[PDB]
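Only one chain comes next, encoded as structure tokens, the form deposited in one PDB entry.
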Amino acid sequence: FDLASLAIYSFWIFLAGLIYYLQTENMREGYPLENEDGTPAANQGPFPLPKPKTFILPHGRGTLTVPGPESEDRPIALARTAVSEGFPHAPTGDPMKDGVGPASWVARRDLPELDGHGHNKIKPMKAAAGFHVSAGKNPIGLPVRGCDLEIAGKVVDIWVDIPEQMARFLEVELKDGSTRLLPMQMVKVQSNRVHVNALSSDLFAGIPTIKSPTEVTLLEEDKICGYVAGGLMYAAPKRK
């Protein structure tokens, strides 16, 4: 048993200590584990719950402490399909409208995300002085087609991540002249149309609306995004 022997055995004891640190750090959300009725689970594993930590949030938004008491802060319209644990929970209503499965949102902060200086991070381009399409097919004015191949509206604006200068949303003008937002990560921009494989046209109006025309909350974003991604599962009866 030499210095290199000592060394390597020590590194593996460190290493086990480091994995123990990292797993528990990675338990600051979602823990403790719950039974399928949502009460504390009997068994939690070997790794303990981590000691709380706090983040002081900028712009006076307060403080976050994790792990804190977890609650979904939202009605979950779902129900056990099975007596013993491990099975699907089937949606009791319209999963898309109700926000479950691939349609889930989180009760996020109903405030908009702020940049370093305290202005809204996201703004529709025609509220963002100086912003313009700089390359690739500029999509404003384009008809928006869903997976039923029928048109749902026409693009009126691009909603941009200012600090980072990226298209995030297409604002889309529907049959009644109102608009919804469409994630940029979920559309195909083509020379003559914007195609949205996630939703059929008839569903475009079930996109959750924003309570203001030149900002969007994280709560809103989350509803708007999970619903569009929920169409991959739920509007596939109409995908041909």
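For the two forms, the rigid core is made up of the largest set of C-alpha atoms that agree within 1.5 Å on superposition. Shifts are known only where both forms have a C-alpha. Quick note: we count residues from 1 along the sequence shown, nothing fancier.
Per the PDB record, of the two stretches 202-210 and 48-56, 202-210 carries the greater mean B-factor over its C-alpha atoms. Averaged over their C-alpha atoms, the temperature factors of 164-172 and 92-100 are higher for 164-172.
In this structure the maximum Cα B-factor among 33, 189, 27, 181 is found at 181. The residue among 77, 82, 106, 122 whose C-alpha carries the highest B-factor in the deposited model is 82. Residue 42: CA B factor lies in the highest third for its chain, per the PDB record. For residue 68, the recorded CA B-factor ranks within the lowest third of the chain. Only modelled residues enter the ranking.
In this PDB entry, the Cα temperature factor of residue 140 sits in the middle third of its chain's modelled residues. Split the chain's modelled residues into thirds by C-alpha temperature factor. Residue 236 is in the highest one. Ranked within its chain, residue 153 lands in the lowest third, by CA B factor from the PDB record.
This next part talks about the form deposited in another entry, which is not shown.
For the residue set 150, 164, 110, 85, core-aligned C-alpha shifts between this form and the one not shown reach 2 angstroms or more at a single site, 85. Residue 191 shows a C-alpha shift below 2 Å between this form and the one not shown [criterion: core-superposed Cα displacement of 2 Å]. The two forms, fitted on the rigid core, differ between this form and the one not shown by 2 Å or more at the CA of residue 33.
In a rigid-core overlay of the protein, residue 43 has its C-alpha displaced by at least 2 Å between this form and the one not shown. The pair residue 33 and residue 53 is tighter in the other entry: their Cα-Cα distance falls by no less than 3 Å compared with this form. Relative to the shown form, the Cα atoms of residue 216 and residue 28 move apart by 3 Å or more in the other entry. After superposition on the rigid core, the stretches of at least three consecutive residues with Cα shifts of 2 Å or more between this form and the one not shown are 21-45, 83-85, 236-239.
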